[PDB]
Structures are given as C-alpha cells and as structure tokens.
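Undergrad: There's a structure below that I have some questions on.
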Amino acid sequence: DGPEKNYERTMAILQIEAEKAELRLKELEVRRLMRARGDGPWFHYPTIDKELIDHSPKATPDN
Amino acid sequence: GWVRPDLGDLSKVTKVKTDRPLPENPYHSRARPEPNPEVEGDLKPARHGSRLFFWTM
Ligand SMILES: CCCCCCCCCCCCCCCCCC(=O)OC[C@H](COP(=O)(O)OCCN)OC(=O)CCCCCCCCCCCCCCCCC
C-alpha cells in the first residue's frame, strides 16, 4: 500500500475512534446527571399510575 | 294532597338547580410538578454502533 492510502486510511480510523471516544465521555456525564436529578428517560423508576384512581361520588362526601 | 312515592322513586338520581358556583379547587391541590420533557424526533441508527470497547458494530 502506498503511503497516501495508509496515511488517509489512518485519518479515517482516527476520526471514528475520536467520535466514539467523545460520545463515551458524553454518555458518562449524561448518566451522572440523569441519575442525580431524575429528569431524563433513564433511571425513571415507576410511580403509581393515576388512572387507577376512581373519582366517582362515594358513599360519604368528605374524600 | 300528599302522595306516597312508589317503590324506587326515592332512590333516583335527580338533577338540582343552584346558583352557588362549582368549586374550582375542592381538594386544595397544589400545582402539579412539571412533566419530564418529551423525547421526540426521528429514530436514527446508533452512531458507530454499540461503541462497546472494540466492537465496530
Ligand atoms: C470469532 C472469530 C474470532 C475467533 C478468535 C476468538 C478471539 C476472541 C473472541 C473474543 C471476542 C473478540 C471478537 C473480535 C471481533 C468483534 C469486533 C468486531 O469486529 O465487530 C464487528 C464484527 C464485524 O466486523 P467488520 O469490521 O464489520 O467486517 C465485516 C466483513 N464483512 O461483528 C461482530 O462483532 C461479529 C464478528 C465475530 C467474528 C466471527 C464472525 C465472522 C464470520 C465468521 C463466521 C463463519 C462463517 C463460515 C461458517 C462455516 C460453516 C461450515
């Protein structure tokens, strides 16, 4: 292989490995923030579904 | 001129007219917490795949 092909193949390899490395760092910082603040799709622990509540008039008024 | 109600009459659900307005916040509920932002858009392939260690897919 001529030096140019190897040289520019290396830049293609370096770009992918650099892009992946940045994403890995972003993922770790995104995970840290989502877990601490609970404001994202991850670490979304379920709460009781409010469609289970019955809003009909009851046997007694004060409820 | 009082007529005794027949069987079942007094258990009917009836409608009643009133002026008193319908209460707005009868439970005295606070403002509900804001929902988490919706995630929306076009689902695209993961960038460079799984990206787990050395895997290229
Ligand atoms: C397993 C073979 C190696 C044996 C030695 C074991 C080494 C240690 C194993 C530990 C795990 C390390 C595996 C390293 C490879 C995984 C990283 C990787 O390469 O991911 C991408 C890979 C496809 O590689 P890619 O660059 O896309 O090449 C495409 C060519 N068309 O996609 C993959 O992840 C799957 C690749 C697994 C490699 C084997 C599959 C290649 C196809 C061979 C199947 C056999 C076909 C012939 C069947 C004969 C039937 C009679």
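In the structure tokens, each chain is lettered A, B, ... as it comes, each chain's residues begin at 1, and ligands are numbered from 1 in order of appearance.
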Counting only C-alpha atoms and all ligand atoms, which protein, DNA or RNA residues come within 10 Å of ligand 1, given as a count of residues only?
TA: 9
Undergrad: Output the contact residues of chain B with respect to chain A at a cut-off of 8 Å, based on only C-alpha atoms, as an NGL selection string.
TA: :B and (36-37 or 47-48 or 51)
Undergrad: Take the residues that were just selected and, keeping N, CA and C atoms, output them as a PDB file, in the first residue's frame.
TA:
ATOM      1  N   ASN B  36     -41.705  15.502  32.796  1.00  0.00           N
ATOM      2  CA  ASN B  36     -40.395  15.414  32.173  1.00  0.00           C
ATOM      3  C   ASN B  36     -40.519  15.762  30.694  1.00  0.00           C
ATOM      4  N   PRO B  37     -39.538  16.449  30.113  1.00  0.00           N
ATOM      5  CA  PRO B  37     -39.647  16.808  28.696  1.00  0.00           C
ATOM      6  C   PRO B  37     -39.832  15.577  27.830  1.00  0.00           C
ATOM      7  N   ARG B  47     -24.753   5.897  16.551  1.00  0.00           N
ATOM      8  CA  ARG B  47     -23.588   6.446  15.873  1.00  0.00           C
ATOM      9  C   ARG B  47     -22.393   5.533  16.112  1.00  0.00           C
ATOM     10  N   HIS B  48     -21.924   4.888  15.044  1.00  0.00           N
ATOM     11  CA  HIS B  48     -20.819   3.936  15.105  1.00  0.00           C
ATOM     12  C   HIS B  48     -21.178   2.700  15.921  1.00  0.00           C
ATOM     13  N   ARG B  51     -20.578   0.834  20.237  1.00  0.00           N
ATOM     14  CA  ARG B  51     -19.438   1.559  20.788  1.00  0.00           C
ATOM     15  C   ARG B  51     -18.885   0.900  22.041  1.00  0.00           C
TER      16      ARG B  51
END
Undergrad: Output as a VMD selection string all residues of chain A that backbone DSSP marks as helix (DSSP H, G or I).
TA: chain A and resid 3 to 37 50 to 52
Undergrad: Could you check how far CA of residue 47 (chain A) sits from CA of residue 32 (chain B), in Å to one decimal?
TA: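 Result for CA of residue 47 (chain A) versus CA of residue 32 (chain B): 14.4 Å, one decimal.
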Undergrad: What's the separation between CA of residue 10 (chain B) and CA of residue 23 (chain B), in Å to one decimal place?
TA: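 We find that CA of residue 10 (chain B) and CA of residue 23 (chain B) lie 27.0 Å from each other.
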